[PDB]
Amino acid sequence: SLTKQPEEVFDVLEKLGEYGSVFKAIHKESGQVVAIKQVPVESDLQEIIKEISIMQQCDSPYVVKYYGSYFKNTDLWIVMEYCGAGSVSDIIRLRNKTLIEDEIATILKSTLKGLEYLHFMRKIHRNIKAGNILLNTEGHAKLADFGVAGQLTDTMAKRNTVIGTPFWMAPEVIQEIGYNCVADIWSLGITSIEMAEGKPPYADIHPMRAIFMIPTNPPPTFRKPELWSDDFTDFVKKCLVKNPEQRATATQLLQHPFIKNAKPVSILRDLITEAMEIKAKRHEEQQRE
C-alpha cells in the first residue's frame, strides 16, 4: 500500500513509442490500463514538471489526465491516461487514409469541448494539431502535449523547436510573438484541413517562408472546396479569421452546424480497430528481427 515498489503497482507491457519512451501498463489493483512515460534523470526535468503541473490542474474528459509519478533507477515514471488509438495523425498515417467529414466533425466536437474547458480556466494549449489530439479505444478525443507559456522566447534550442514548425500558428502569434486562447481556434482550423487533406497548408514549404506568408496571405482554404460540404467549408472559414478579435470562440463553434450535428463516436469504431490492428501487426514484425 505504502511499501510496494512501482513494479508491484504496475504490470508494464509493450513500448508504445516516444521526451522519452512511453509504455502501456496495467494498474494491478484496479485493472485499469494506463500509459507510463519513462524519463531519464539527464532530461530537462523542470520542463517536464511544468507539463505535469499543467496536467494536474486540468480535470476534464477532454484532456489527457495525469495519475502520478514514481522513481526507478534515476528514471522518472509519469503515469497518464491511456489512449489506445494513438493520435489522429497516427491514425491517418497508419491507415494511410485521411478522415472523412463525419469523422472530423465527431473528433473536433470533443476537441472543441477540450479547448472550451481550457479557455474557461484561462489556459491556452498552444500546439493544437492532429498529432496532439489523442483517441482512446472508445473514440473519445482528448487534448495532450500542451505547449508552455513563453516557448517562443525560451533558450535557442527549445525555441527553435517551436519556430521550426510554424504551419499551425495563427497570424497574430507570429506578429506578436505570443499566444492568447483564440490562437488555438486558428490552429483547430488548420487541423481540420490537415485531417481532411493529410497536411496543413505550407507543409512542404520552407518554414521561414511559411512564417512570412501566414500573416501576409489570405486565410487558407481546402485545395478542392467542391469535395466538402458547406458546413465544413464555413466552419473552417470561421476558425481561420485572421483578425483574432473577430475569430469565433470554442463555445461559439460548438453551436456551428458542422459540429452541433456531429455523429456519435460509434462512427469511429472501425477506423480505430483498423489503426490499432495495423500498429500491433507492425509491432510483431519489428521484434521478429
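For every residue, the number given is its place in the sequence shown, counted from 1.
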Worksheet item: Should the segment between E18 and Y19 be described as having none, 1 to 3, 4 to 9, or 10 or more unmodelled residues of the deposited sequence?
Response: 1 to 3
Worksheet item: When the C-alpha temperature factors are averaged for each of 135-143 and 71-79, which stretch ends up with the higher value in the entry?
Response: 71-79
Practice prompt. Compare the mean C-alpha B-factor of 91-99 with that of 205-213 as given in the PDB entry, and name the stretch with the higher value.
Written response: 205-213
Practice prompt. Determine which member of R159, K129, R126, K113 has the highest CA B-factor, using the values in the deposited entry.
Written response: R159
Practice prompt. Compare the C-alpha B factor of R223 with those of the other modelled residues in its chain, then answer lowest, middle or highest third.
Written response: highest
Worksheet entry | Chain thirds of CA B-factor: placement of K281 | highest
Practice prompt. Looking at the entry's B-factor column for C-alpha atoms only, identify whether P264 ranks in the lowest, middle or highest third of its chain.
Written response: lowest
Worksheet entry | Cα B factor band for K237 (lowest, middle or highest third within the chain) | middle
Fill in: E172, C-alpha B-factor rank within chain (lowest, middle or highest third)
middle
